[PDB]
Protein chains: 2
Amino acid sequence: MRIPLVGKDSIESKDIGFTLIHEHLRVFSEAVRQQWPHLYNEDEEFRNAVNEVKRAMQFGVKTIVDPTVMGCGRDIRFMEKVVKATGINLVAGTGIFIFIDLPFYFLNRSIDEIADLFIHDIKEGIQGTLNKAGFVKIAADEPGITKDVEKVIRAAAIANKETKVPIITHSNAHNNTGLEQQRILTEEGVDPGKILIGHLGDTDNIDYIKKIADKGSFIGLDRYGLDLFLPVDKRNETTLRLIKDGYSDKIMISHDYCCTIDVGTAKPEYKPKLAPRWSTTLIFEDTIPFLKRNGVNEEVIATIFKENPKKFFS
Amino acid sequence: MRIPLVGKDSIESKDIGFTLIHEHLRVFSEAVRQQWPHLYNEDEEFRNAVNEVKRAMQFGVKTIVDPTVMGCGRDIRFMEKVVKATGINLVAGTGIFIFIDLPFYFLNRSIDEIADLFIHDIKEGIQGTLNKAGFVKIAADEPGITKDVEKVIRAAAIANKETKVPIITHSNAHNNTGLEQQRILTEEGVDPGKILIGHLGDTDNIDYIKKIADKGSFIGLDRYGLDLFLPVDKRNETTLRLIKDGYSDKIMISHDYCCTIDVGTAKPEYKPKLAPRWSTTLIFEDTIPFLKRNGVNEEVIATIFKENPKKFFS
Ligand SMILES: [Co+2]
Ligand SMILES: [Co+2]
Ligand SMILES: [Fe+3]
Ligand SMILES: [Fe+3]
């Protein structure tokens, strides 16, 4: 019994089953929600997330990994409410989601102070609860590896060395931050097989994607349906190409869907053009039927959505 | 009764009395307190706040203006507990305190949606209470007038137009950021006499200070006791030189004291050499006696601590 579950007992990795490795029940800015509660609706958010999870379960999904952490509104109590309503296996995480600078709390604070916050969440529990974190989540985007972004990466390595949970990342697919996160994490002694470099499905540069996978880490083909980053047809033929070239040992697939997100870019006005078919079940409606009538047999699908998450968490 | 107060009925500006224009009951990072509650202690914070305010009332302070807003952990229920335990007149505000970028919630959101939040706090109330904001707080520091900093400035100008509350600023004394804020706000139509340009007391360069005051705005000599910005001795010389030259009608004086502050810079082991005598009552022991034994009579003292707060809030 290694992997902690929100609102359930920890399970052994052989029981994870068909997993969606990267999906968000709810996303918000902590400071904004605290200071202006009138902009949010708890009841509409709960019922949206319940409705999305149940439909993914009708397609056979057993476990959702939810990498919502500090900076994006991680609420451990909301999550265990959604678990009770649906019965999904739900893995929560710890970490810090920043692109530039840490919050003011962290001025004059060591990398060890930050890693201790991740270890508290893993070993004791999240937000005063006994639900424990099952991975660490870190991020870098267009601003590159800044000094505080580097501090967070090095803090994740300390927490993994001490607890053995794996690491999921957010990177920008067109600026090498994915390769850099992998380089810093492995220089500091993390097993590359415990790193999922994220948002690599945002590019059709097969060479860049393959260079990360050849250094031993999982590649996140994890934003199916966010057309503004890359359209579905283009992601599909990249997934096909990687599978034909033999890379199914490192492929993980998901949607990065947010059953609610408070960001202004994700208004319903903009949905028709930026992300029309985006949801937690799009891969069942499109990608997997696309792969199979393109010669990919069901043993490969099992590897990607079951065997690979099992190894990540083993 | 144009000034609203926390936990009390509003008062006419002529009844504000002896005022400390810039002090903080509590400062923390919204995301950190939300994600790691084990780092904070609500009972100790409450007690530290009650004791400092009681001490300021001992010396005759009637009114405290607390410019804690989003980004610095404003909590109106906490402020109203302190009020009921002490009897102080406490003015809370609205605003956004950032140095670089806004939280992700604001991406693809206009200046008008930002002004709308300030106005909600002024006209309807704060955090779901009927305590209303009496001014708008904005900040800029070392990174200068960035894109998102400029947005918040203009948003504060629009809230001023609709509601007439004044504007307090945080600036860096060696950046010209204080001069930029005054230029931008006055270009969008704000009465220069409703603007307090903050943290000018951190410098001894009197030509820059007189520059902002000459163009009609109050000047904040508001960090008495934070020696790392400037020792008390130099602050007294600058304050006297300004009064001796007729700028008493523009001077406001305070400490920027934080009864509790969570940033690592302010941890207690740093206090002996960063801010030894920092408190809400340092000016009663040092600064006010200094001024009186150098030719400043009680009418000028009353101008700075009673007449100027009154005119600012009129
Ligand atoms: Co991401
Ligand atoms: Co300030
Ligand atoms: Fe995500
Ligand atoms: Fe302040």
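When a ligand or atom number is given, it counts from 1 through the structure's own listing order. By convention in this document, chain letters (A, B, ...) are assigned in the order of the sequence lines, proteins followed by strands, and residues within each chain are numbered from 1.
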Contacts of the Fe ion (ligand 3) with protein N/O/S atoms, counting only those under 2.8 Å: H22(A) NE2, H24(A) NE2, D256(A) OD1
Whether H22(B) and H24(B) hold their rings parallel, tilted or perpendicular, with breakpoints at 30° and 60°: perpendicular
Parallel, tilted or perpendicular: ring planes of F97(B) versus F104(A), cut at 30 and 60 degrees: perpendicular
Worked check of side-chain contact (heavy atoms from CB on, under 4.5 Å) between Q181(B) and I153(B): CA-CA 7 Å; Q181(B) 294 161 334; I153(B) 289 166; 4.1 Å; yes
Steps toward side-chain contact (heavy atoms from CB on, under 4.5 Å) verdict (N205(A), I209(A)): CA-CA 7 Å; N205(A) 181 0; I209(A) 303 178; 5.7 Å; no
Validation row: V65(B), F135(B) side chains within 4.5 angstrom (heavy atoms): yes
Environment of the Co ion (ligand 1) in terms of protein N/O/S atoms, cut-off under 2.8 Å: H170(A) ND1, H199(A) NE2
Centroid-centroid under 6.0 Å between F18(A) and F284(A) rings: yes
Short side-chain to backbone donor-acceptor contact, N89(A) and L5(A), under 3.5 Å: no
Salt bridge flag under 4.0 Å for residues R33(B) and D75(B): yes
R235(A)/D202(A) ion pair, N-O < 4.0 Å: yes
